[PDB]
There are 2 protein chains.
Amino acid sequence: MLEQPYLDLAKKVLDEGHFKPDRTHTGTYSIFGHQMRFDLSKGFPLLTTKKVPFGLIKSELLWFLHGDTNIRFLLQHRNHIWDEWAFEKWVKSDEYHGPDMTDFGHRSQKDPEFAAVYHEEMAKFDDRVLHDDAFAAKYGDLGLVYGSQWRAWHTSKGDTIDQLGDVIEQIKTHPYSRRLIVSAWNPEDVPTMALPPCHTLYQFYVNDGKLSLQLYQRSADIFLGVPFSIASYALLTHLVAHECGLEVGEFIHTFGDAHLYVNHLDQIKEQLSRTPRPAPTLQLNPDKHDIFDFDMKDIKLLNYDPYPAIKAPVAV
Amino acid sequence: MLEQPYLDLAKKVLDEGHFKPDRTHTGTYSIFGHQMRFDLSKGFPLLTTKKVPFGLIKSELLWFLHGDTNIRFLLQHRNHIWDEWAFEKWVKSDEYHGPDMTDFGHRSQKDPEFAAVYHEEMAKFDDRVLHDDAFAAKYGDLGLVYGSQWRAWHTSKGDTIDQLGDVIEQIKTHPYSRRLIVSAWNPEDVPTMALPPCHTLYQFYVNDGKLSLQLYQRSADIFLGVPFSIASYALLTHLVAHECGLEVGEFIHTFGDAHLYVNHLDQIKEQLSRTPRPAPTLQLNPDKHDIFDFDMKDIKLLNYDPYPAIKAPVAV
Ligand SMILES: C#CCN(Cc1ccc2[nH]c(N)nc(=O)c2c1)c1ccc(C(=O)N[C@@H](CCC(=O)O)C(=O)O)cc1
Ligand SMILES: C#CCN(Cc1ccc2[nH]c(N)nc(=O)c2c1)c1ccc(C(=O)N[C@@H](CCC(=O)O)C(=O)O)cc1
Ligand SMILES: O=c1ccn([C@H]2C[C@H](O)[C@@H](COP(=O)(O)O)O2)c(=O)[nH]1
Ligand SMILES: O=c1ccn([C@H]2C[C@H](O)[C@@H](COP(=O)(O)O)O2)c(=O)[nH]1
């Protein structure tokens with residue numbers, strides 16, 4: 001079945017995984033070095049053994065493709081994935097008036113009295129952002145994030161570089177290039193950055209008419225962190241191909257520290273019992289071509305037959 | 001045997017390798033996505049089925065570790081690997097007086113009348129550099145090269161960042177970090193650069209007391225390009241460990257486009273006949289610790305028993 005590699009990776013870590021403490025102190029079964037591949041021309045590698053929200057993936061990927069970093073677009077799409085990174089500033093501000101949100105993520109992990117206020121103040125910030133146009137401009141904009149990294153590489157002399165764009169250009173002008181790299185790691189922002197990018201760098205490859213891509217990520221939270229990574233990066237491969245007129249090939253996913261949090265194991269042993277069902281089919285709008293405007297209804301997911309959702313706890 | 005993975009990779013490309021044209025127009029059997037590992041605590045992965053010059057590797061690696069980019073150090077060590085990248089400027093200059101060296105690399109590939117003059121002018125430039133102190137300052141300095149990338153990351157506001165240093169610092173202050181990355185890919189230099197770095201990015205990993213490293217390279221000239229890459233990056237793993245007081249673990253080598261030039265096949269089929277002999281032993285000076293001054297005689301290679309040298313042609 002199409003997703004097997006991920007179940008094998010999960011399985012693997014569970015066995016030969018070694019214990020490793022965490023920054024956000026927990027334990028983790030970890031492995032260093034691993035590659036898995038999926039032939040995109042055989043189905044979309046969207047996990048069927050667990051409910052995965054393609055809606056979240058798409059909207060998020062379009063945000064990235066717009067080089068947009070303001071949280072407004074995501075909320076607009078009922079997407080809240082990155083909210084916590086905005087809230088961390090809103091609260092660490094002079095304007096913040098209210099429930100001392102210090103370490104709110106951890107306190108809500110088990111959520112006692114802090115629970116309500118945190119999630120209540122959350123509605124606040126998102127209400128503020130979504131409508132207060134100026135608030136959005138200050139607190140909604142995350143700054144350095146995949147989109148700005150991808151399409152707005154802050155140079156040494158003020159100008160901006162659109163890596164992704166100039167890359168598709170590269171694929172078009174001369175596809176057989178070993179220089180099709182889109183780096184997200186900048187040495188000067190990483191030390192003073194909330195969360196250095198996980199999906200660090202990706203390289204495309206054109207041969208026999210098909211487009212293949214390789215994603216390198218220094219860290220991998222296998223339970224909930226990998227199933228999104230796979231899909232999103234498999235989606236980018238159809239978009240580029242469709243843009244450049246290439247037939248989609250296969251997506252390769254290489255990991256630095258691949259791991260399973262110590263408080264995720266029950267849930268993962270649980271998943272390993274179900275058997276994968278036929279891979280979902282991705283459908284792409286034939287009319288529009290400039291992927292940079294390939295909005296929500298331009299990407300359609302056909303016949304996804306997932307196993308129920310397995311809840312787990314945020315890694316704080 | 002220790003090197004098997006490389007012979008398997010060679011073997012692989014020869015079989016399921018697909019044809020691919022080149023920038024420097026030749027043909028190439030290519031594969032996209034591949035990882036191979038070596039347990040450094042079992043021997044030094046220095047190929048025994050072909051003579052590999054450890055001298056060249058060391059001197060070159062120390063140049064890198066000094067953040068030095070001037071070709072003087074290399075010539076000083078009887079090392080000429082990077083010369084061609086210096087000559088390309090010396091000749092593309094107002095000062096150049098003599099044999100129009102245009103495309104000298106290609107013309108010398110089959111070397112007719114151009115042969116002598118090119119190699120003669122080469123002695124010239126290197127004689128100039130090695131002794132003419134000021135000449136060295138202008139034409140010897142390559143500018144953007146692994147060393148300066150590693151230890152002199154040109155920031156947005158003039159200052160310089162020593163990635164490698166701050167990284168060993170990271171390994172020391174807190175080893176269990178998934179953020180130990182040393183990137184060599186800079187989005188703004190790559191488009192106006194002679195040869196964008198191949199060995200693009202490497203991440204270390206500390207666990208169970210051992211240091212493991214993963215090297216990502218977008219391109220791999222398997223015949224002569226990989227056997228150096230393996231060794232050099234395996235050497236860096238002993239140096240860091242020895243510096244940080246860690247036991248060496250294993251080195252992981254991941255490739256973007258791994259390939260075998262169409263005019264290298266005979267030589268590679270040739271190699272695949274010999275059987276690997278016990279791996280060489282690396283010896284490290286116990287006294288000095290600051291790897292940045294771990295000079296030539298501080299690294300010793302014990303009992304290397306290689307098969308004879310298989311000549312091949314430079315990929316122009
Ligand atoms: C990926 C990504 C972007 N993100 C953000 C993101 C940011 C930092 C991180 N940090 C750590 N340590 N682990 C992570 O998984 C992680 C993920 C996500 C955010 C939420 C869910 C989610 O809604 N629920 C999960 C699993 C349930 C849970 O564990 O709470 C789901 O299965 O849908 C998934 C991904
Ligand atoms: C690696 C590296 C740095 N380099 C530079 C370097 C730079 C650009 C490149 N470009 C291309 N296309 N292929 C390469 O192998 C390559 C290598 C090297 C330079 C010379 C030898 C060498 O002296 N001889 C070889 C093989 C003989 C041959 O093919 O000519 C040997 O086996 O020692 C090896 C590596
Ligand atoms: O998109 C993301 C963001 C985070 N993480 C994981 C990686 C780690 O498991 C943890 C963050 O700690 P660091 O890797 O940054 O050290 O979150 C992911 O898997 N995917
Ligand atoms: O250290 C090096 C330098 C170059 N090459 C190879 C990579 C390619 O095979 C060719 C250069 O073409 P590009 O990959 O840069 O496109 O040289 C190596 O293997 N190692």
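This entry, so its header tells us, was determined using X-ray crystallography, 2.5 Å.
Placement of Cβ uses the backbone N, Cα and C atoms for every residue, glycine included.
According to Swiss-Prot:
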| type | residues | note |
| --- | --- | --- |
| ACT_SITE | B:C198 | active site, nucleophile |
| BINDING | B:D221, B:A315 | (6R)-5,10-methylene-5,6,7,8-tetrahydrofolate binding site |
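All features noted in Swiss-Prot, drawn onto the structure.
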| residue | record | CB count, 10 Å |
| --- | --- | --- |
| B:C198 | active site, nucleophile | 20 |
| B:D221 | (6R)-5,10-methylene-5,6,7,8-tetrahydrofolate binding site | 21 |
| B:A315 | (6R)-5,10-methylene-5,6,7,8-tetrahydrofolate binding site | 18 |
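The two recorded residues B:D221 ((6R)-5,10-methylene-5,6,7,8-tetrahydrofolate binding site) and B:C198 (active site, nucleophile) have their Cα atoms spaced 10 Å from each other.
B:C198 (active site, nucleophile) carries neither a helix nor a strand DSSP state and counts as coil. Proximity to ligand 2 (Cβ under 6 Å from any of its atoms) holds for these recorded positions out of B:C198, B:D221, B:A315: B:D221, B:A315.
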